[PDB]
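# Commentary on secondary and tertiary structure
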Amino acid sequence: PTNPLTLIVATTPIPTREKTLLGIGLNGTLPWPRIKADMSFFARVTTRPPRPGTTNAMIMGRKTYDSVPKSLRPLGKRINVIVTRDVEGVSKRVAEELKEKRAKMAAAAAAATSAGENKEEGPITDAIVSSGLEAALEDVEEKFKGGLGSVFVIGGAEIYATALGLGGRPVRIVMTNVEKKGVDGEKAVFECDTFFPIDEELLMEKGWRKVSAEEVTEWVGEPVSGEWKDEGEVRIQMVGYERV
Ligand SMILES: NC(=O)c1ccc[n+]([C@@H]2O[C@H](COP(=O)([O-])OP(=O)(O)OC[C@H]3O[C@@H](n4cnc5c(N)ncnc54)[C@H](OP(=O)(O)O)[C@@H]3O)[C@@H](O)[C@H]2O)c1
Ligand SMILES: C[C@H]1COc2c1c(Oc1cccc(-c3nnn[nH]3)c1)cc1nc(N)nc(N)c21
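Reading guide: rules and limits
- Residues numbered from 1 in each chain as written, not as in the entry; some residues may be left out.
- Chains lettered and ligands numbered in written order.
- Heavy atoms only, no water.
- UniProt positions renumbered as here; feature names shortened; annotations may be inferred.
- Helix = DSSP H or I, 4+ residues; strand = E, 2+ residues; numbered from the N terminus.
- Buried < 20%, exposed > 50% of the residue type's maximum accessible area, 1.4 Å probe, protein only.
- Contact = heavy atoms within 4.5 Å.
- Salt bridge = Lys/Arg side-chain N within 4 Å of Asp/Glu carboxyl O.

## Description of the UniProt feature "binding site: NADP(+)" (unreviewed entry) in the protein chain
With numbering matched to this structure, UniProt assigns "binding site: NADP(+)" (unreviewed entry) to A10, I24, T29, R62, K63, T64, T84, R85, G156, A157, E158 and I159. Judged by maximum C-alpha separation, these annotated positions cover 150 residues in sequence and are scattered in space, the widest gap reaching 25.5 Å. Within the secondary structure, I24 sits in strand β2 (residues 20-25). Classification of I24 by relative accessible area gives buried; the value is 11%. When near neighbours in sequence (up to four residues on either side) are disregarded, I24 contacts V9, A10, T11, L30, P31, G156, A157, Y160, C192, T194, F195 and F196. Locating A157 in the fold gives a position in helix α5 (residues 157-165). Excluding residues that lie within four positions of it along the chain, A157 makes contacts with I24, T194, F195 and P197.

Right under this line is the structure:
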């Protein structure tokens, strides 16, 4: 049987006339101010190797790559796979940003050692550029072999849409739901220009099953309660869906 593909995503419900949409982005970033708990969950989950001496890959569209501030990409301790139609041109720039990322990480390692910090094994940092999502799955598999840990599809809408259309193989969605806290007991909505490519089929479990908190906990390797948690002016919860 074939290894599962995990979509990880934070969404916000937007009621429309015809149906609730799930908003994920505005103007090339996220629709909401920084949610610390979502970012740390995202960081921990996508970094955490499924067995010792492996490194997880994140596969992402080029715009999502661009959405991270430049000094913070490629994202550390994971293999970053950037999907594009301009492999040639994006490669050169990714190479450039990787090498700067390398410089930062090296200085930090030297400093930590100099500080007497107990160094240990851990996943590596890489970035490679592929011409498609299938190509990226192949590429990362060929490059890393048995050092490859789990594979996440981390967005955005075009790559997610591609992930969901792959010819069957398990696909699971780890989703953080994000909602403004009510004011005078009405809940305002986030403006988004980018949406998760499906919505209703998840909320009404049509071809999808919402799984137990226990199941998600197993997927992501840390306790997930699936309870709402207050984070300033938003509340958030983590859930999972598997295709049926
Ligand atoms: N809330 C969340 O969890 C979350 C997660 C991720 C992203 N987002 C948000 O979503 C937005 C970006 O999403 P998006 O859909 O606009 O962009 P996207 O899917 O991240 O990237 C689209 C780009 O990826 C490349 N690409 C897409 N389809 C391809 C194909 N079939 N073959 C080859 N290359 C392909 C192309 O790059 P080239 O232009 O270089 O060809 C295309 O322009 C941002 O607002 C981001 O903040 C949110
Ligand atoms: C990265 C975007 C794209 O997908 C995601 C991003 C994101 O924002 C950032 C921004 C800047 C840095 C980071 C970051 N820190 N450590 N690792 N990543 C994340 C948050 C996400 N949350 C969920 N639940 N799922 C995703 N697919 C997410």
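## So, the pattern of salt bridges
Across all of its chains, the model carries 16 salt bridges by this definition. In this structure, the salt-bridge partner of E179 is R235, at a minimum N-O distance of 2.9 Å. Residue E179 is located in strand β7 (residues 171-180), and its partner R235 is located in strand β11 (residues 234-243); the two are separated by 56 residues in the primary sequence. Residue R235 is classed as partly exposed on the basis of its relative accessible area of 23%. Where salt bridges share partners, they join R62, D66, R73, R93 and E97 into one cluster.

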